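> Input file: input_4.txt. Contents: compact mmCIF, N, CA and C atoms and all ligand atoms.
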```
# COMPACT_ATOMS: atom_id res chain seq x y z
N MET X 1 0.85 -1.18 0.00
CA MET X 1 0.00 0.00 0.00
C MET X 1 0.88 1.23 0.00
N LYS X 2 0.39 2.31 -0.60
CA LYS X 2 1.24 3.48 -0.72
C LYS X 2 0.93 4.47 0.38
N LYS X 3 1.89 5.35 0.65
CA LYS X 3 1.72 6.46 1.55
C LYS X 3 0.94 7.55 0.86
N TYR X 4 0.24 8.40 1.61
CA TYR X 4 -0.48 9.52 1.04
C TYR X 4 -0.07 10.75 1.82
N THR X 5 0.03 11.92 1.22
CA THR X 5 0.42 13.09 2.02
C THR X 5 -0.71 14.11 1.90
N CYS X 6 -0.84 14.80 3.04
CA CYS X 6 -1.76 15.93 3.11
C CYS X 6 -1.12 17.05 2.31
N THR X 7 -1.83 17.52 1.28
CA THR X 7 -1.22 18.56 0.46
C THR X 7 -1.41 19.93 1.06
N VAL X 8 -2.12 20.06 2.19
CA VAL X 8 -2.20 21.35 2.88
C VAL X 8 -1.08 21.49 3.90
N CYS X 9 -0.78 20.46 4.69
CA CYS X 9 0.24 20.67 5.70
C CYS X 9 1.44 19.77 5.50
N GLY X 10 1.41 18.72 4.67
CA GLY X 10 2.56 17.84 4.56
C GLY X 10 2.47 16.56 5.41
N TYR X 11 1.50 16.41 6.33
CA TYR X 11 1.34 15.17 7.07
C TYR X 11 1.34 14.03 6.09
N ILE X 12 1.95 12.98 6.61
CA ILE X 12 2.08 11.76 5.85
C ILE X 12 1.26 10.59 6.41
N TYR X 13 0.27 10.14 5.64
CA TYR X 13 -0.45 8.95 6.06
C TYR X 13 0.35 7.73 5.63
N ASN X 14 0.78 6.98 6.64
CA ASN X 14 1.51 5.75 6.35
C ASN X 14 0.65 4.53 6.68
N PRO X 15 0.25 3.71 5.69
CA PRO X 15 -0.72 2.62 5.95
C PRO X 15 -0.17 1.59 6.97
N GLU X 16 1.17 1.41 7.07
CA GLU X 16 1.70 0.48 8.06
C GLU X 16 1.44 0.95 9.50
N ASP X 17 1.37 2.26 9.70
CA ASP X 17 1.13 2.83 10.99
C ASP X 17 -0.35 3.14 11.18
N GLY X 18 -1.16 3.34 10.11
CA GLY X 18 -2.52 3.84 10.29
C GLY X 18 -2.59 5.17 11.06
N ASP X 19 -3.76 5.44 11.65
CA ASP X 19 -3.94 6.61 12.49
C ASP X 19 -4.88 6.10 13.58
N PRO X 20 -4.36 5.18 14.42
CA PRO X 20 -5.20 4.40 15.36
C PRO X 20 -5.97 5.24 16.36
N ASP X 21 -5.47 6.44 16.77
CA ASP X 21 -6.11 7.36 17.71
C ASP X 21 -7.39 7.91 17.17
N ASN X 22 -7.46 7.89 15.84
CA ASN X 22 -8.67 8.31 15.17
C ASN X 22 -9.40 7.15 14.50
N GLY X 23 -9.18 5.94 14.98
CA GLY X 23 -9.95 4.83 14.42
C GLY X 23 -9.41 4.20 13.14
N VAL X 24 -8.20 4.49 12.65
CA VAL X 24 -7.73 3.87 11.42
C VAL X 24 -6.59 2.96 11.84
N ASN X 25 -6.82 1.66 11.70
CA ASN X 25 -5.83 0.72 12.21
C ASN X 25 -4.64 0.63 11.26
N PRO X 26 -3.47 0.26 11.80
CA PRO X 26 -2.34 -0.18 10.96
C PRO X 26 -2.85 -1.12 9.91
N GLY X 27 -2.36 -0.91 8.68
CA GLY X 27 -2.69 -1.80 7.58
C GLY X 27 -3.90 -1.33 6.80
N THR X 28 -4.50 -0.20 7.15
CA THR X 28 -5.60 0.17 6.29
C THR X 28 -5.09 1.07 5.17
N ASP X 29 -5.44 0.63 3.96
CA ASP X 29 -5.18 1.38 2.74
C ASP X 29 -5.86 2.75 2.82
N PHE X 30 -5.27 3.85 2.34
CA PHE X 30 -5.95 5.12 2.39
C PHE X 30 -7.39 5.16 1.81
N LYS X 31 -7.58 4.43 0.72
CA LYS X 31 -8.87 4.24 0.04
C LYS X 31 -10.01 3.92 1.00
N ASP X 32 -9.63 2.99 1.88
CA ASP X 32 -10.49 2.36 2.84
C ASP X 32 -10.68 3.13 4.12
N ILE X 33 -10.00 4.24 4.31
CA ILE X 33 -10.23 5.01 5.49
C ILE X 33 -11.63 5.61 5.42
N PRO X 34 -12.49 5.61 6.44
CA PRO X 34 -13.80 6.26 6.39
C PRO X 34 -13.65 7.66 5.83
N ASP X 35 -14.59 7.98 4.93
CA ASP X 35 -14.42 9.22 4.20
C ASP X 35 -14.70 10.48 4.98
N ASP X 36 -15.07 10.36 6.28
CA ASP X 36 -15.20 11.54 7.12
C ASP X 36 -13.93 11.79 7.95
N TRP X 37 -12.92 10.90 7.81
CA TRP X 37 -11.63 11.12 8.45
C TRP X 37 -10.98 12.42 7.93
N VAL X 38 -10.29 13.12 8.83
CA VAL X 38 -9.56 14.34 8.48
C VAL X 38 -8.09 14.24 8.91
N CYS X 39 -7.28 15.10 8.28
CA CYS X 39 -5.86 15.07 8.57
C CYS X 39 -5.61 15.24 10.06
N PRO X 40 -4.90 14.33 10.76
CA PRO X 40 -4.76 14.40 12.20
C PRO X 40 -3.99 15.64 12.65
N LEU X 41 -3.29 16.32 11.71
CA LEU X 41 -2.48 17.44 12.13
C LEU X 41 -3.18 18.71 11.71
N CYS X 42 -3.73 18.90 10.51
CA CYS X 42 -4.33 20.20 10.26
C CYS X 42 -5.85 20.16 10.10
N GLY X 43 -6.44 18.98 10.07
CA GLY X 43 -7.90 18.88 10.05
C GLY X 43 -8.59 18.95 8.69
N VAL X 44 -7.87 19.04 7.56
CA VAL X 44 -8.55 19.12 6.30
C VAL X 44 -9.01 17.71 5.93
N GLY X 45 -9.91 17.65 4.95
CA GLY X 45 -10.46 16.38 4.53
C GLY X 45 -9.54 15.52 3.65
N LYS X 46 -9.99 14.27 3.44
CA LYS X 46 -9.26 13.34 2.59
C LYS X 46 -9.04 13.86 1.16
N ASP X 47 -9.98 14.66 0.62
CA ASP X 47 -9.83 15.20 -0.74
C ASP X 47 -8.62 16.11 -0.98
N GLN X 48 -7.86 16.47 0.11
CA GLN X 48 -6.63 17.25 -0.02
C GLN X 48 -5.40 16.36 0.02
N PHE X 49 -5.60 15.02 0.09
CA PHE X 49 -4.48 14.10 0.19
C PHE X 49 -4.17 13.61 -1.18
N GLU X 50 -2.90 13.30 -1.38
CA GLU X 50 -2.56 12.75 -2.66
C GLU X 50 -1.55 11.62 -2.47
N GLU X 51 -1.66 10.67 -3.38
CA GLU X 51 -0.88 9.48 -3.37
C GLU X 51 0.56 9.85 -3.50
N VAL X 52 1.41 9.28 -2.67
CA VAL X 52 2.82 9.54 -2.83
C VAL X 52 3.31 8.52 -3.89
N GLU X 53 3.54 9.17 -5.06
CA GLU X 53 4.09 8.81 -6.39
C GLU X 53 3.54 9.60 -7.62
FE FE C 1 -2.81 18.18 6.99
```
Could you rewrite the structure in this file as structure tokens?

Amino acid sequence: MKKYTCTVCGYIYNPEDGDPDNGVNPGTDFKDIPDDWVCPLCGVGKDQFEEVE
């Protein structure tokens, strides 16, 4: 699975780590994250994230 970065602040979603404090377990593909999830650091939505590549 690929990493995704927040294009507003630079936060990096790493699927191996997930974002467990907000309900996204290690191993979840970004695709599969609930679509109401927001960037844990600046709060913008998933639509500001882009695939790293
Ligand atoms: Fe962000």
> So that I can check the surroundings of residue 9 of chain X, please list as a PyMOL selection string every protein, DNA and RNA residue that reaches within 9 Å of it, counting only C-alpha atoms and ignoring chain neighbours fewer than 6 positions away.
chain X and resi 39+41-42+44
> Could you work out how far atom CA of residue 21 of chain X lies from atom CA of residue 52 of chain X, giving the answer in Å with one decimal?
22.5 Å
> Per residue of chain X within 8 Å of ligand FE 1 (chain C), what are the shortest atom pair and its distance in Å to one decimal, counting all atoms listed in the file, with rows by chain and residue number, as CSV?

```
residue,atom,partner,partner_atom,distance
X:5,C,C:FE1,FE,6.8
X:6,CA,C:FE1,FE,4.6
X:7,N,C:FE1,FE,5.8
X:8,C,C:FE1,FE,4.8
X:9,N,C:FE1,FE,3.8
X:10,N,C:FE1,FE,4.8
X:11,N,C:FE1,FE,4.7
X:12,N,C:FE1,FE,7.1
X:38,C,C:FE1,FE,6.9
X:39,CA,C:FE1,FE,4.6
X:40,N,C:FE1,FE,5.8
X:41,C,C:FE1,FE,4.8
X:42,N,C:FE1,FE,3.7
X:43,N,C:FE1,FE,4.8
X:44,N,C:FE1,FE,5.2
X:45,N,C:FE1,FE,7.4
X:48,C,C:FE1,FE,7.7
```
> Pick out the residues sitting within 12 Å of residue 26 of chain X, and hand them over as a PyMOL selection string; count only C-alpha atoms, and ignore anything fewer than 6 positions along from it in its own chain.
chain X and resi 1+13-20+32-33
> How big is the axis-aligned box around all listed atoms of segment 22-39 of chain X once 4 Å goes on each side, and where's its centre, in Å to one decimal, as lines of an AutoDock Vina configuration file?

```
center_x = -8.8
center_y = 6.7
center_z = 7.9
size_x = 20.9
size_y = 25.0
size_z = 23.8
```
> One number please: atom N of residue 4 of chain X to atom CA of residue 50 of chain X, in Å, one decimal.
6.7 Å
> Could you please write out, as number ranges by chain, every residue of chain X that DSSP assigns to helix (DSSP H, G or I)?
X: 20-22, 30-32, 46-48
> For those residues, write N, CA and C atoms to a file as a compact mmCIF listing (two decimals), in the frame of the given file.

```txt
# COMPACT_ATOMS: atom_id res chain seq x y z
N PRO X 20 -4.36 5.18 14.42
CA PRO X 20 -5.20 4.40 15.36
C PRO X 20 -5.97 5.24 16.36
N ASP X 21 -5.47 6.44 16.77
CA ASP X 21 -6.11 7.36 17.71
C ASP X 21 -7.39 7.91 17.17
N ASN X 22 -7.46 7.89 15.84
CA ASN X 22 -8.67 8.31 15.17
C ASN X 22 -9.40 7.15 14.50
N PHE X 30 -5.27 3.85 2.34
CA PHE X 30 -5.95 5.12 2.39
C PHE X 30 -7.39 5.16 1.81
N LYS X 31 -7.58 4.43 0.72
CA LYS X 31 -8.87 4.24 0.04
C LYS X 31 -10.01 3.92 1.00
N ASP X 32 -9.63 2.99 1.88
CA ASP X 32 -10.49 2.36 2.84
C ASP X 32 -10.68 3.13 4.12
N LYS X 46 -9.99 14.27 3.44
CA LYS X 46 -9.26 13.34 2.59
C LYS X 46 -9.04 13.86 1.16
N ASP X 47 -9.98 14.66 0.62
CA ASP X 47 -9.83 15.20 -0.74
C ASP X 47 -8.62 16.11 -0.98
N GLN X 48 -7.86 16.47 0.11
CA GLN X 48 -6.63 17.25 -0.02
C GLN X 48 -5.40 16.36 0.02
```
> Just to confirm, what's the straight-line distance from atom CA of residue 2 of chain X to atom CA of residue 37 of chain X in Å (one decimal)?
17.6 Å
> Please, could N, CA, C and O atoms be added to segment 5-28 of chain X and the result written as a compact mmCIF listing (two decimals), keeping the file's coordinate frame?

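out_12.txt, freshly written:
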```txt
# COMPACT_ATOMS: atom_id res chain seq x y z
N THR X 5 0.03 11.92 1.22
CA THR X 5 0.42 13.09 2.02
C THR X 5 -0.71 14.11 1.90
O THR X 5 -1.42 14.19 0.86
N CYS X 6 -0.84 14.80 3.04
CA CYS X 6 -1.76 15.93 3.11
C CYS X 6 -1.12 17.05 2.31
O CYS X 6 -0.01 17.51 2.61
N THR X 7 -1.83 17.52 1.28
CA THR X 7 -1.22 18.56 0.46
C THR X 7 -1.41 19.93 1.06
O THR X 7 -0.92 20.93 0.52
N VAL X 8 -2.12 20.06 2.19
CA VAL X 8 -2.20 21.35 2.88
C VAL X 8 -1.08 21.49 3.90
O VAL X 8 -0.45 22.55 3.97
N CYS X 9 -0.78 20.46 4.69
CA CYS X 9 0.24 20.67 5.70
C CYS X 9 1.44 19.77 5.50
O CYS X 9 2.46 19.99 6.18
N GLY X 10 1.41 18.72 4.67
CA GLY X 10 2.56 17.84 4.56
C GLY X 10 2.47 16.56 5.41
O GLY X 10 3.32 15.68 5.26
N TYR X 11 1.50 16.41 6.33
CA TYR X 11 1.34 15.17 7.07
C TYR X 11 1.34 14.03 6.09
O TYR X 11 0.77 14.11 4.99
N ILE X 12 1.95 12.98 6.61
CA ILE X 12 2.08 11.76 5.85
C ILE X 12 1.26 10.59 6.41
O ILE X 12 1.47 10.15 7.55
N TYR X 13 0.27 10.14 5.64
CA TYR X 13 -0.45 8.95 6.06
C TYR X 13 0.35 7.73 5.63
O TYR X 13 0.57 7.44 4.45
N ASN X 14 0.78 6.98 6.64
CA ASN X 14 1.51 5.75 6.35
C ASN X 14 0.65 4.53 6.68
O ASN X 14 0.29 4.36 7.86
N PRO X 15 0.25 3.71 5.69
CA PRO X 15 -0.72 2.62 5.95
C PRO X 15 -0.17 1.59 6.97
O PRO X 15 -0.94 1.01 7.73
N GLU X 16 1.17 1.41 7.07
CA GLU X 16 1.70 0.48 8.06
C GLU X 16 1.44 0.95 9.50
O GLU X 16 1.30 0.18 10.45
N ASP X 17 1.37 2.26 9.70
CA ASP X 17 1.13 2.83 10.99
C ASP X 17 -0.35 3.14 11.18
O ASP X 17 -0.77 3.23 12.34
N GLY X 18 -1.16 3.34 10.11
CA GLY X 18 -2.52 3.84 10.29
C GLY X 18 -2.59 5.17 11.06
O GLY X 18 -1.63 5.96 11.12
N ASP X 19 -3.76 5.44 11.65
CA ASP X 19 -3.94 6.61 12.49
C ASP X 19 -4.88 6.10 13.58
O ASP X 19 -6.07 6.43 13.66
N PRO X 20 -4.36 5.18 14.42
CA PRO X 20 -5.20 4.40 15.36
C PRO X 20 -5.97 5.24 16.36
O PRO X 20 -7.07 4.86 16.76
N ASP X 21 -5.47 6.44 16.77
CA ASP X 21 -6.11 7.36 17.71
C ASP X 21 -7.39 7.91 17.17
O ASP X 21 -8.28 8.32 17.91
N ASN X 22 -7.46 7.89 15.84
CA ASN X 22 -8.67 8.31 15.17
C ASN X 22 -9.40 7.15 14.50
O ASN X 22 -10.14 7.33 13.54
N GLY X 23 -9.18 5.94 14.98
CA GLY X 23 -9.95 4.83 14.42
C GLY X 23 -9.41 4.20 13.14
O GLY X 23 -10.10 3.37 12.54
N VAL X 24 -8.20 4.49 12.65
CA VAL X 24 -7.73 3.87 11.42
C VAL X 24 -6.59 2.96 11.84
O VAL X 24 -5.54 3.41 12.32
N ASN X 25 -6.82 1.66 11.70
CA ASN X 25 -5.83 0.72 12.21
C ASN X 25 -4.64 0.63 11.26
O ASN X 25 -4.76 0.84 10.04
N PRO X 26 -3.47 0.26 11.80
CA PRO X 26 -2.34 -0.18 10.96
C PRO X 26 -2.85 -1.12 9.91
O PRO X 26 -3.71 -2.00 10.16
N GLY X 27 -2.36 -0.91 8.68
CA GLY X 27 -2.69 -1.80 7.58
C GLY X 27 -3.90 -1.33 6.80
O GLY X 27 -4.35 -1.99 5.85
N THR X 28 -4.50 -0.20 7.15
CA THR X 28 -5.60 0.17 6.29
C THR X 28 -5.09 1.07 5.17
O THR X 28 -4.34 2.03 5.36
```
